[PDB]
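Top to bottom, those sequences are chains A, B, C and D.
Sequential numbering of the first sequence, starting at 1, is according to my numbering.
Sequential numbering of the second sequence, starting at 51, is according to my numbering.
Sequential numbering of the third sequence, starting at 101, is according to my numbering.
Sequential numbering of the fourth sequence, starting at 151, is according to my numbering.
Beta carbons are placed, not taken as given, at the ideal position from N, Cα and C, and that holds for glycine.
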Amino acid sequence: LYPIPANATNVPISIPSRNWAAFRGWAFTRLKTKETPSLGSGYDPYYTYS
Amino acid sequence: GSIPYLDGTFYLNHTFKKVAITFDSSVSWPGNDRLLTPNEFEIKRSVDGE
Amino acid sequence: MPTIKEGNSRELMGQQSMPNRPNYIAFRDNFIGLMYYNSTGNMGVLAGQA
Amino acid sequence: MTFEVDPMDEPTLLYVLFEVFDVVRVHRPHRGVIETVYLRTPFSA
């Protein structure tokens, strides 16, 4: 997940040199930060959406 | 005044929240499920994680 | 609301009522969210006692 | 990678799925013994 600031239009992503053997491809979408609870923890204090 | 960088008069260590270390864009150090919160070094927690 | 003035009055005879917005609440599709997954801090366990 | 999107008046996220092999091999040599071998490539954990 990469952040897209409000009104931002360009989204550059970089992946440091690594191994690609067996790579299958890419798949992608776009989500709203408000609708994406934070999963890097047991509880998201800033998640006010259901 | 005092110049911490040169003299060692450090005084802002309590402002650190956490540290995440990553090798080659994918590997988490130290990983291995070592820490209570394995994905990073948590210096301090606020109430919620008492 | 014809007036921000408390108490019954000829005025209030003109107030209008409207139904509240429908609001369904329930568990998610396939019980999503119930169990923790992909969270280092709340990792499931399946191990041989031996 | 460089993505170009329509502007939105709210913070959003670009969700990227890097397709790989996420596999496990289960070994059960003895009574009450489960050994596993995980392998994720690319993007090894």
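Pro161 of chain D and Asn7 of chain A have their C-alpha atoms spaced approximately 8 angstroms apart.
In the three-state DSSP reduction, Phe131 of chain C falls in the helix class (H, G or I). Residues of the region 16 to 48 of chain A with a Cβ closer than 8 angstroms to any Cβ of chain D, in chain order: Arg18, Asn19, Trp20, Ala21, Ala22, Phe23, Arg24, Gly25, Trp26, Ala27, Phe28, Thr29, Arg30, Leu31, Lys32, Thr33, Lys34 and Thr36. By the Cβ neighbour-count rule, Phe193 of chain D is buried, with 16 or more other Cβ atoms within 10 Å of its own. Beta-bridge pairing by DSSP links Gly25 of chain A to D:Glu169. If you check the CB distance, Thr29 of chain A and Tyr165 of chain D come in under 7 angstroms. Comparing alpha carbon positions, the residue from B:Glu92, B:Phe60 and B:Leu62 closest to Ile71 of chain B is B:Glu92. Shown in chain order are the members of the region 156 to 189 of chain D whose Cβ falls below 8 angstroms from a Cβ of chain C: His180, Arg181, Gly182, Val183 and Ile184.
When DSSP reads this structure, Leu56 of chain B sits in no beta bridge, so it has no partner.
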